[PDB]
*Asks:* 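The structure that follows is given in the form of structure tokens.
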There are 2 protein chains.
Amino acid sequence: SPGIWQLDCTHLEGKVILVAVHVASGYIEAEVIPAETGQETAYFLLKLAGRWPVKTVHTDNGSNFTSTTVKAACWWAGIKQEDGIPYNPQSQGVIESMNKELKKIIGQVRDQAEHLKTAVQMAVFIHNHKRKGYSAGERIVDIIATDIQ
Amino acid sequence: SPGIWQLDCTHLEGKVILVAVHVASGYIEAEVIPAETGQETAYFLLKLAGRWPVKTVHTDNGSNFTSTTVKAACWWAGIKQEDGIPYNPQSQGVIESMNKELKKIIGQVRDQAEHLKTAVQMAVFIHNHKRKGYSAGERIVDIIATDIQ
Ligand SMILES: C=CCN(Cc1ccccc1C(=O)NCc1ccco1)Cc1ccc2c(c1C(=O)O)OC[C@H](CCC(=O)O)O2
Ligand SMILES: C=CCN(Cc1ccccc1C(=O)NCc1ccco1)Cc1ccc2c(c1C(=O)O)OC[C@H](CCC(=O)O)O2
Ligand SMILES: [Cl-]
Ligand SMILES: [Cl-]
């Protein structure tokens with residue numbers, strides 16, 4: 001549980017927003033990329049795993065599951081690369097709702113930045129700090145620290 | 001001190017590596033940028049503060065301290081922007097040794113990536129996972145979780 005992440009790709013403004021969600025906490029990281037290539041996904045995972053103890057990644061689609069560049073990054077960073085099949089149907093709904101929430105936040109901040117990438121990072125900030133009462137940022141640190149101890 | 005970070009800028013291959021160091025743990029995040037502008041620094045801080053509870057940042061130089069774009073990011077993200085004067089002379093030596101370590105790691109991985117940005121992210125990974133026994137990644141989570149609790 002502490003090491004499980006899910007990839008998620010959503011679109012806005014003719015660009016791609018790549019998201020990684022820490023499943024147990026709902027904490028996220030995200031980036032804007034021109035398109036979702038194996039190379040972009042691989043680089044994103046490399047960044048993520050240098051920052052958090054990523055044990056397992058559920059890939060967002062079959063192309064990223066198949067990609068030898070993505071597999072190479074998972075090999076490099078010591079990540080178990082897994083599919084993203086929603087054996088629990090609740091997963092679909094959670095990701096859908098998260099994408100809707102994120103796009104809402106991006107709209108609320110969109111005029112505070114020229115570039116979409118800035119707006120996305122503002123949305124990451126708001127999402128991770130929002131008290132649901134703990135925030136996702138508090139939950140991920142608590143979950144991981146408890147695991148360490 | 002769970003919320004204190006230090007900016008650090010170093011150069012390699014005619015490019016700039018911008019680093020943020022969590023002072024109490026030695027955990028780092030870093031990026032490769034063409035040059036160290038206020039906009040680049042502002043965006044980097046926005047990213048960092050969406051990911052960790054950044055209370056205070058000691059800027060790496062007077063230009064980033066002065067920059068109204070950097071001040072705007074610090075205002076947006078609720079970060080106290082401070083100078084980076086090494087009132088404790090040990091700070092100087094710690095950052096210099098860190099830059100030397102990072103450059104050493106980048107050399108050890110340099111042939112595993114075409115692009116410097118990849119090698120830098122590999123170096124971040126190795127640095128944060130290295131047991132010195134706990135790793136910097138373990139220490140930052142423990143420090144912050146203890147603070148929350
Ligand atoms: C598929 C070719 C790419 N190479 C293959 C390569 C070339 C030369 C030597 C070793 C390798 C190798 O396979 N290394 C092991 C490995 C793969 C992933 C992690 O470790 C690795 C790579 C991936 C993503 C990137 C990269 C680079 C890079 O070569 O630097 O560059 C930045 C780019 C940014 C995002 C974007 O622009 O899409 O993402
Ligand atoms: C000084 C001009 C910068 N703008 C001013 C602006 C333009 C329009 C509306 C509001 C603002 C405003 O002041 N907003 C509050 C604020 C400032 C910093 C954080 O919040 C904000 C900005 C900064 C860094 C970036 C940006 C952008 C952007 O406009 O999107 O774009 C990506 C870029 C990438 C790194 C690189 O390429 O250097 O870093
Ligand atoms: Cl946070
Ligand atoms: Cl780590």
Side-chain angles (χ1 to χ4, degrees), chain A residues 2-3 20 22 27-32 39-40 42-54 69 72-73 75-79 102 105 109 112-115 117-130 134-149, chain B residues 2-3 20 22 27-32 39-40 42-54 69 72-73 75-79 102 105 109 112-115 117-130 134-149:
Chain A
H22 185 256
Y27 170 94
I28 71 170
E29 302 228 355
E31 65 171 19
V32 177
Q39 192 148 160
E40 290 281 14
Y43 184 68
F44 184 74
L45 289 173
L46 177 58
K47 295 193 285 179
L48 183 67
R51 285 153 178 79
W52 293 100
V54 178
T69 305
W75 165 76
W76 199 96
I79 298 164
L102 284 177
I105 301 167
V109 298
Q112 292 179 58
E114 179 179 344
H115 299 105
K117 61 195 294 176
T118 313
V120 169
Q121 301 306 326
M122 288 175 170
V124 171
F125 182 109
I126 287 164
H127 173 83
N128 286 340
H129 287 259
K130 181 84 162 203
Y134 294 100
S135 65
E138 288 166 333
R139 294 188 297 263
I140 189 172
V141 173
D142 175 49
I143 288 159
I144 298 176
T146 304
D147 189 61
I148 295 167
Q149 311 322 322
Chain B
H22 183 256
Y27 171 92
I28 72 170
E29 302 224 0
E31 67 170 12
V32 175
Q39 272 195 64
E40 289 283 10
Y43 183 67
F44 181 75
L45 287 174
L46 178 57
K47 292 193 285 178
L48 183 70
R51 287 154 177 77
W52 295 99
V54 179
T69 307
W75 165 78
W76 198 95
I79 298 168
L102 282 176
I105 302 167
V109 302
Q112 292 177 58
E114 176 154 27
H115 300 107
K117 64 195 292 181
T118 312
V120 168
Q121 300 308 324
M122 286 175 170
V124 169
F125 182 109
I126 285 160
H127 175 85
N128 286 339
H129 283 81
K130 178 78 169 186
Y134 299 90
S135 66
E138 290 167 332
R139 291 192 295 267
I140 186 170
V141 168
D142 179 47
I143 288 163
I144 299 174
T146 306
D147 190 57
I148 297 166
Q149 272 61 255

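Residue numbering restarts at 1 for every chain, and letters A, B, ... go by the order of the sequence lines. FYI, side chains are in, hydrogens and waters are out, and symmetry mates aren't considered; it's all heavy atoms of this structure.
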*Asks:* Side chain, backbone, both or neither: which part of A:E31 has a heavy atom under 4.5 Å from chain B?
*Replies:*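 No part of it gets close to chain B.
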*Asks:* Heavy atoms only, distances under 4.5 angstrom: which of B:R51, B:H115, B:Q121 has the most pairs with chain A? Name it, please.
*Replies:*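 With the most close heavy-atom pairs to chain A, the winner is B:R51.
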*Asks:* Hey, which of A:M122, A:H127, A:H129, A:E138 has the most heavy atom pairs under 4.5 Å with chain B?
*Replies:*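 That would be A:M122.
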*Asks:* Tell me, side chain or backbone of A:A77 under 4.5 Å from chain B's heavy atoms, or both, or neither?
*Replies:*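 Both parts, backbone and side chain.
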*Asks:* Considering the options A:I144, A:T146, A:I140, which one meets the side chain to side chain contact (heavy atoms under 4.5 Å, CB included) requirement together with B:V141?
*Replies:*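 It is A:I144; the other options fail the test.
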*Asks:* Counting only non-hydrogen atoms closer than 4.5 Å, does B:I126 touch chain A with its backbone (N, CA, C, O), its side chain (CB onward), both, or neither?
*Replies:*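 The side chain, not the backbone.
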*Asks:* From A:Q39 CD over to B:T118 OG1, what is the distance, rounded to the nearest 0.5 angstrom?
*Replies:*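 It comes to 7.0 Å.
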*Asks:* A:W52 vs B:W52 aromatic rings, parallel, tilted or perpendicular, using cut-offs 30° and 60°?
*Replies:*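 Parallel, since the angle between the ring planes stays under 30°.
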*Asks:* Non-hydrogen atoms of chain B under 4.5 Å away: do they reach the side chain of A:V54, the backbone, both or neither?
*Replies:*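 It is neither, since no heavy atom gets under 4.5 Å.
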*Asks:* Run the side chain to side chain contact (heavy atoms under 4.5 Å, CB included) test on A:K47 and B:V124 for me, step by step, so that the C-alpha distance in whole Å, both residues' side-chain angles and the decisive distance to 0.1 Å come before the verdict.
*Replies:* CA-CA 8 Å; A:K47 295 193 285 179; B:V124 169; over 6 Å; no
*Asks:* Taking every heavy-atom pair that is under 4.5 Å apart, which of B:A73, B:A49, B:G137 has the most such pairs with chain A?
*Replies:*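 The residue among B:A73, B:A49, B:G137 with the greatest pair count is B:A49.
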*Asks:* Please indicate whether B:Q149 has more than 12 foreign heavy atoms, meaning atoms of other residues, nucleotides or ligands, lying under 6.0 Å from its CD.
*Replies:*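 Yes.
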